[PDB]
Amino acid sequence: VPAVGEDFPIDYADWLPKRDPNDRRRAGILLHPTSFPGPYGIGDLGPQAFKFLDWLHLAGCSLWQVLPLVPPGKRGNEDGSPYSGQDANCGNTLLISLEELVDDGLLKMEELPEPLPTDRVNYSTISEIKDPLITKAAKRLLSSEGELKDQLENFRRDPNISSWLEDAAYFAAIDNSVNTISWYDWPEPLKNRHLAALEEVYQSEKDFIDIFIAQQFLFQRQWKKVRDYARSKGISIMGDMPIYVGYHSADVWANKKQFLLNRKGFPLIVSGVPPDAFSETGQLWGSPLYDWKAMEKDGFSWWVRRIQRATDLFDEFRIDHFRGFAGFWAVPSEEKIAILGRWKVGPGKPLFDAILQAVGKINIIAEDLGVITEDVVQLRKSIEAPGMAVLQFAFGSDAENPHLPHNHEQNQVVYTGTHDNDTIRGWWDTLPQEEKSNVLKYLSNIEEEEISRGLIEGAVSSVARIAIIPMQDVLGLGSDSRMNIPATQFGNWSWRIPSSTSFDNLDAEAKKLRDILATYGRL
């Protein structure tokens, strides 16, 4: 601008204030694709994904949130959990659409199963039904010589893809052949990745490895079709990543010096959270911990690759236990409970500086629920990451509760509830009378019969730039539709949209949401 007291240009009054597109107010729906209806025992990236995205577009939503898309752990009572994955980078092959593989010519219509029970995912039977079909398709792809063969070859050779996929395929092949609980007990030449032993693995487990890679290609191609369709409708996909990875994975076995292991590969210290005046002992998660000091020395190369793959799948994503980047709880690996542990200093902002330098800007959402310390808030604000507000947590303390709408901020994501909460109606059903009275008073004395509308409107009318509603609340469902209970081992991750509910019969729900998105400026 010119010097103080001098004339501005004649057109000064045209310099109107800039709205940054990064600040655009948006609404989205939380729906894991396993929850899609259809006849094959589990939701998939096929016809229902496209009908869902058409419904989201009709509703005026510009975001879709999913849980992690990784292959869930099969190897406890973590049955179907997206947060106990077998690999940080692979896609769950159970999300692969049998109908899309028929369209591709990789499966015959006659090979599809007769319609399976539609109410709930049965994680104890679904792998035995779909796995053989996904393998048949991969084998037909590997023997084919067209366009899809050429795409498989470009995928397998892509240096971003091969940086995790080769290790993930060889890990799976060795796990399948050796079949110990963990790689800690593998024969020394496989445990310690002797170059000759790995060459021998590829000769004796060639078909296993080729099929695993072809399955990952089939996932990638289906997911890219879904994401391209979403982008065509003005919809971004928000994903989710746990901060930690599981010990028994390619992530650890192929990258041992990224973790705090002893010279035999056993974790020195593992993840958890301490007591916070909660049931004497805290939580023993038991993941290996990162050697953040070693990571800093190579520019956090392992974390940069993890983020590159996340941006390959997602427009934006949440990191669970974001607080772990400022300070993390470390339990000696011999301990059977979390009590005996220490807070260690996390990597802080330099991790995010290195990601920015290598990958450019990413919308990372900081999962920041529970007790967090001032350094966590200072880290989050330092990288301009939004945190979370969850309305189901807002009404049980005082007016200083951060989840109450008058305490929200613009750079924040507001939920009615997540996959870890009950539905609005289930939560209401078990809520104490005093808290119910508090909720109704807060939301301008609305009636108890309209609690669902009141919380949904409470999220949409927030200053928070992103509002996310679980599909279960749009459908008006109760506790039988909850996705996860945090303390349990069974019944979780299995909710599906009922077979009787179809996206083409939800025009009324789409209009009801669209009207409040219009009113509160999210359209």
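Residue indices: 1-based, along the sequence shown.
Chemist: For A277, does the count of other compared entries lacking it reach at least a third?
Modeler: Residue status for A277: gap in at least one third of the other entries.
Chemist: Hey, does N77 show up as a hole in at least a third of the other compared models?
Modeler: Looking at the other entries that model residues on either side of it, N77 is missing from at least a third.
Chemist: Quick one: higher average CA temperature factor, 187-195 or 283-291?
Modeler: 283-291 has the higher mean C-alpha B-factor.
Chemist: State which stretch shows the higher mean Cα B factor in the entry: 86-94 or 101-109.
Modeler: Looking at the recorded C-alpha B-factors, 101-109 comes out higher on average.
Chemist: Check the PDB entry and point out which of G491, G458, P33, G41 has the largest C-alpha temperature factor.
Modeler: By C-alpha B-factor in the record, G491 ranks first.
Chemist: Determine which member of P405, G341, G246, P347 has the highest CA B-factor, using the values in the deposited entry.
Modeler: Out of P405, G341, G246, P347, the record gives the largest C-alpha B-factor to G341.
Chemist: So where's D167 on the chain's Cα temperature factor ranking, which third?
Modeler: CA B-factor rank for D167: lowest third.
Chemist: Sorting the chain's modelled residues by C-alpha B-factor, tell me whether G387 ends up in the lowest, middle or highest third.
Modeler: For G387, whose C-alpha B-factor we compare with every modelled residue in the chain, the answer is the middle third.
Chemist: Quick check on the deposited entry: does the C-alpha B-factor of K136 sit in the lowest, middle or highest third of its chain?
Modeler: According to the entry, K136 has a C-alpha B-factor in the chain's middle third.
Chemist: Consider only the C-alpha atoms of the modelled residues in this chain, order them by B-factor as the entry records it, and name the third containing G370: lowest, middle or highest.
Modeler: Highest third.
Chemist: With respect to C-alpha B-factor, does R227 fall in the lowest, middle or highest third of the chain as deposited?
Modeler: Lowest third of the chain for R227's C-alpha B-factor.
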